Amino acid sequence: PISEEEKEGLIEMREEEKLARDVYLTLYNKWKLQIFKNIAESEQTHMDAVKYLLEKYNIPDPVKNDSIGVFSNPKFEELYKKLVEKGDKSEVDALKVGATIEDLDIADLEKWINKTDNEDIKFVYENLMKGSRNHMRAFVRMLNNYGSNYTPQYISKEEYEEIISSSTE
């Protein structure tokens, strides 16, 4: 059976995946780079994966309003506002914001994975983590096309270099 603390992590990840979908839809609509629309769709899949686990355990869904930008945990509301404002400044800053959210996602997924032995909760967290590694590689390669790069913020420098120096999984 699921612990109260394990429930808290699914409730955070539910909205954390929604932060990524909503910022990437918002930055698609500003810059019309296909990467944001494609990765947004992947984040909608990740949101649906967390929702399936919330419904499995009948945990109340923190997403009471699917609209872009709406969050129950104000951590994610603050991140949405900060990151859409930064991403609005240029294509390069929007792509950096892409990488930033995946970086956060990987760091937070490692924290929650280390708090659980439930193999079903772990399959999903590991899958989401692999997705965020792939997405990070895609945002960083597109940053390189614009003559830029990315400095990790939440994961370690060692882990970031392991991700970017390896191929899409």
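Numbering starts at 1 and follows the sequence shown.
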property	result
Mean C-alpha temperature factor, higher of 125-133 and 112-120	112-120
Stretch with the higher entry mean CA B-factor, where the candidates are 145-153 and 21-29	145-153
Ranked C-alpha temperature factor of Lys86 among modelled chain residues, by third	middle
Where the record places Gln34 (Cα B-factor, split into thirds across the chain)	highest
